[PDB]
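Written below as structure tokens is the structure these notes are about.
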Amino acid sequence: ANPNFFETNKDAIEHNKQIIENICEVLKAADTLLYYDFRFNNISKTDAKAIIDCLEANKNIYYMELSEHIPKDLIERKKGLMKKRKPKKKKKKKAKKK
Amino acid sequence: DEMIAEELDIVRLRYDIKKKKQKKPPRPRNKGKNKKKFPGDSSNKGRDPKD
Amino acid sequence: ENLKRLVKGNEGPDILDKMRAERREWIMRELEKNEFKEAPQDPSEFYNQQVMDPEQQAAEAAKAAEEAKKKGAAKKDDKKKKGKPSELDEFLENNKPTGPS
Amino acid sequence: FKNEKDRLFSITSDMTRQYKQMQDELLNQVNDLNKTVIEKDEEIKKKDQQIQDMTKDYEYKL
Amino acid sequence: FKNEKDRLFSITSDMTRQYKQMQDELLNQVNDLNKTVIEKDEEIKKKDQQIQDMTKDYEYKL
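Protein chains in written order, with PDB author numbering: chain A, 248 to 345; chain B, 458 to 508; chain C, 306 to 406; chain D, 64 to 125; chain E, 64 to 125.
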């Protein structure tokens, strides 16, 4: 299709790589930041897979819902990872009035 | 159609849809079809048409 | 060969995208119908669902009804006589209007 | 559209280059036939001169 | 992009026709060279026959 596609889009590739690296760093070092919604976004398949792989370092993160156009196998992997870290539903202690 | 079959399988796996075990189709048992042993069948048993 | 190659190269993407979207929409409709509990066994389920066309639907329904109305009455005739077919019936069948083969 | 525009520009440039190369190449048979035409014209002129001179000489004799 | 593609296609078609007809006109240089060679050779043979007839008749009348 494009003999010089990489030559022309090296800048876009570099920017996407930088954004993905920042996302990975934030996910790994976010002890409190554990809920992320990257849905409805044009996140490339490679970038989404990189983010999912980086998630494994930080198990504190309890939620991340990413774009729907990510590969479906990776989507299932992300669902499994999020299920592995879903916070326990704290049973609301019903105060017995007296 | 090939891509959509992949998509359907992946969606089934995604939604934890236990794939209902498809009953193994009745084996094509080699029923007692008495192949008519015409004269010379044994003599031509395994002979290529060119031969 | 040249025209098939050209059509494959050119017209492929648009129809591919449109019909893949259509298949995904049918899959979503089936999932909504069955409350996302089971998915289609194979992609042929969409074709089975959309086999019939309106005019062809009516024509085939009429033909099937005409053919099948006789079968229901065949369960009762059990012990009637086995009379041989008449010569007149055979003669009529053989010498009737020589329809368009 | 970016891809199509780039590909069309490349195709146009390549076709122009090939046409220019072929135009530069083709000059040989033209030169050879030019030489042949010149030689034939020279022969024509020589034979016309022969006709004139020989006719004049014979007319003087007669 | 439809307008761009249509304009580029028209330009490419016009330039292709021009280059093809110019290469054909180089081959036409060759062909008209052959035509001129044929015409000049016909004239050469006509002038040779004129020379021969003139010389023979003049020698006879001498």
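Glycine included, C-beta positions come from ideal geometry on N, C-alpha and C.
For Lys275/A, the closest alpha carbon among the candidates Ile308/A, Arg324/A, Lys336/A and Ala342/A is that of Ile308/A. The three-state secondary structure of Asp294/A, taken from DSSP, is helix. At least one CB atom of chain C sits nearer than 8 Å to the CB of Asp458/B.
At a cut-off of 8 Å between beta-carbon atoms, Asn97/D makes contact with chain E. Around the beta carbon of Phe396/C, fewer than 16 other beta carbons sit within 10 angstroms, so the residue counts as exposed.
For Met357/C, no beta strand (DSSP E) run applies, since DSSP gives it neither H nor E.
For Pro359/C, no Cβ of chain B is located within less than 8 Å of the residue's own Cβ. Closest in alpha carbon position to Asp347/C, among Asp473/B, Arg471/B, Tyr472/B and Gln479/B, is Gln479/B. As the crow flies, the alpha-carbon of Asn269/A is around 60 Å from that of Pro485/B. The beta-carbon of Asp77/D is placed no less than 8 Å from the nearest beta-carbon of chain E. For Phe396/C, the enclosing alpha helix (DSSP H) starts and ends at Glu392 to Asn400. Contact between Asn263/A and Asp300/A fails: their C-beta atoms lie close to 16 Å from each other, not under 8 Å. Interface flag for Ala344/C against chain B is set, since a Cβ pair is found closer than 8 Å. Residue environment: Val312/C is assigned as exposed (fewer than 16 neighbouring CB atoms within 10 Å of its CB, all protein chains considered). Within chain D, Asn66 and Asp69 have C-beta atoms less than 7 Å from the C-beta of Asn249/A, given in sequence order. Chain B has no Cβ within less than 8 Å of the Cβ of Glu315/A. Taking a beta-carbon distance threshold of 8 Å, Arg310/C does not count as an interface residue toward chain B. Beta-bridge analysis with DSSP links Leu313/A to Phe285/A.
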